[PDB]
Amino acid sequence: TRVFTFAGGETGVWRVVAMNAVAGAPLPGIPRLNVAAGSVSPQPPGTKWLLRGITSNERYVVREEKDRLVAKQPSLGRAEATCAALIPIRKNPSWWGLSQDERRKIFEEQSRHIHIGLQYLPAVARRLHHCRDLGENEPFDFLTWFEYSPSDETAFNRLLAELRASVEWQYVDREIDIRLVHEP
């Protein structure tokens, strides 16, 4: 399955414990989050908002980087990773008009995104969802999903601080940081 839909509302297995608009306009506060797989999923009862994205092919990663990620990255769904974060991100529109080399330079050569992220594995599990090429309008360009143990929360926060200080983050115009704890 490539398509995932994140429903914020009154029902779901993830309890929302924090929501902050890091950049741009806030999203409505909600108590629970549900994640559904596939292209024809139902809207859960009591849904306030729905965000959809699709996993996709690599846009920047080179083979040598891929091999490092494969060696180090954890799986989604670990028993002990009871904390999660959903971080919807929208880029500045100018980003999308840049050429491929220009974006790769900002992303990795300047911002060191992968290099930094690698330093937080195996603590942090991740999944990247793309929104901008779906058939239907989405308010964000990416839905980023993370999972980690409670004891790794401060490491996750440090990762975010490092990325938010990067050149790449100058191009982030909306970013919502939603923190979750899995239901018992």
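All residue numbers refer to positions in the sequence shown, first residue = 1.
Asks: With reference to the PDB entry, specify whether the mean Cα temperature factor is higher for 95 to 103 or for 67 to 75.
Replies: Looking at the recorded C-alpha B-factors, 67 to 75 comes out higher on average.
Asks: Would you mind comparing 53 to 61 and 134 to 142 for me and telling me which has the higher average C-alpha temperature factor in the entry?
Replies: The entry gives the higher C-alpha B-factor average to 134 to 142.
Asks: Would you check the entry's CA temperature factor for residue 114 and let me know if it's in the chain's lowest, middle or highest third?
Replies: Answer is middle: the recorded C-alpha B-factor places it there.
Asks: Among the chain's modelled residues, which third holds the C-alpha B-factor of residue 3?
Replies: For residue 3, whose C-alpha B-factor we compare with every modelled residue in the chain, the answer is the lowest third.
Asks: Compare the C-alpha B factor of residue 13 with those of the other modelled residues in its chain, then answer lowest, middle or highest third.
Replies: Highest third - that is where residue 13 ends up once the chain's C-alpha B-factors are sorted.
Asks: By the recorded C-alpha temperature factor, relative to the other modelled residues in its chain, which third is residue 128 in?
Replies: As the PDB entry reports it, the C-alpha B-factor of residue 128 lands in the lowest third of its chain.
Asks: Ranked by Cα temperature factor within the chain, is residue 22 in the lowest third, the middle third or the highest third?
Replies: Residue 22: CA B-factor falls in the middle third of its chain.
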